[PDB]
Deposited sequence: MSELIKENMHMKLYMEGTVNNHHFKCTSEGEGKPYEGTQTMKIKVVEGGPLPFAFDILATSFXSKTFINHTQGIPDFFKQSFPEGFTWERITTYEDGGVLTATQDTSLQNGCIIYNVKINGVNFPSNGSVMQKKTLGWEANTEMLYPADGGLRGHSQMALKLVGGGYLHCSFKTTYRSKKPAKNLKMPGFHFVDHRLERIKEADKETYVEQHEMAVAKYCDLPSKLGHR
């Protein structure tokens, strides 16, 4: 993947609605694609301050930045220069869903994300709309080939003020924009994740967020 350097910058444009509250965000960031680390500085540029927990948007802001161990082929880095798309729905425990559709492209050596968000039915007095959340536990995504791409399935736990958790799960499909003749497809494997909040200002109008991600197989001793 010669176009993907040791360090890469990213820029993002996001627009959407959550319970019919419209907003837009942009972000800029940098990471080390082969080391699986990245950081983004995010701004809410319309519809701020958001009237819902920023945490529900966290996984919508970057699959190029996964460290691949154990010889696992890299569906995402192989897709350049054309890039790939992803599409996802996250279902929350207490009623809410957040759907997102994303395009990942490469322009002048900069990775570019374009995201559309459609979140519906979050309980009006529940944890998300009343901003009672405190960020995400770590998790492991499962990825395997499917319906024309890679299928991801994930579950995650959102920490709540007071010490409890709100569970969610999601299903993702990743689709390469490169002809498939030119891809070495990975088999079933895991991406071990962690999402870290770095800072926020102005009621989450500005948020800095970091991720580490490692692709691997089952880690249990033979």
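A.B. asks: Could you please spell out the deposited residue ranges that have no C-alpha entry in the coordinates?
C.D. replies: Going by the record, the segments left unmodelled (no C-alpha atoms) fall at 1, 63, 225-229.
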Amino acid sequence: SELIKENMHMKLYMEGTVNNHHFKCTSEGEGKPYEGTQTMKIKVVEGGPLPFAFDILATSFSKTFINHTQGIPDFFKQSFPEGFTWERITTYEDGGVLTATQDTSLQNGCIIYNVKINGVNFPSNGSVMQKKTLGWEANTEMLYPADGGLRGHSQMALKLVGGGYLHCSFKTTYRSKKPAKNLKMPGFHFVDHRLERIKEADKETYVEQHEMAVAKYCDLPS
From here on, numbers count along this sequence of modelled residues.
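A.B. asks: Higher average CA B factor in the deposited record is what I'm after, so tell me if that's 85-93 or 70-78.
C.D. replies: So the stretch with the higher mean C-alpha B-factor is 70-78.
A.B. asks: Identify the stretch, either 121-129 or 107-115, whose C-alpha atoms have the larger mean B-factor according to the entry.
C.D. replies: That would be 107-115.
A.B. asks: Hey, out of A146, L134, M142, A138, whose CA B-factor is highest in the deposited coordinates?
C.D. replies: The listed residue with the largest C-alpha B-factor is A146.
A.B. asks: Taking the Cα B-factors listed in the entry, which of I198, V18, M14, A213 comes out highest?
C.D. replies: It is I198.
A.B. asks: Please say which third, lowest, middle or highest, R175 falls into when its CA temperature factor is compared across its chain.
C.D. replies: For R175, whose C-alpha B-factor we compare with every modelled residue in the chain, the answer is the middle third.
A.B. asks: Split the chain's modelled residues into thirds by Cα B-factor; is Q155 in the lowest, middle or highest one?
C.D. replies: For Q155, the deposited C-alpha B-factor lands in the middle third.
A.B. asks: So where's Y34 on the chain's Cα temperature factor ranking, which third?
C.D. replies: Its C-alpha B-factor, which the entry lists for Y34, ranks in the highest third among residues of this chain.
A.B. asks: Per the entry's values, where does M40 land by CA temperature factor relative to the rest of its chain, in the lowest, middle or highest third?
C.D. replies: According to the entry, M40 has a C-alpha B-factor in the chain's middle third.
A.B. asks: Sort the modelled residues of this chain by their C-alpha B factor and say whether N182 lands in the lowest, middle or highest third.
C.D. replies: Highest third.
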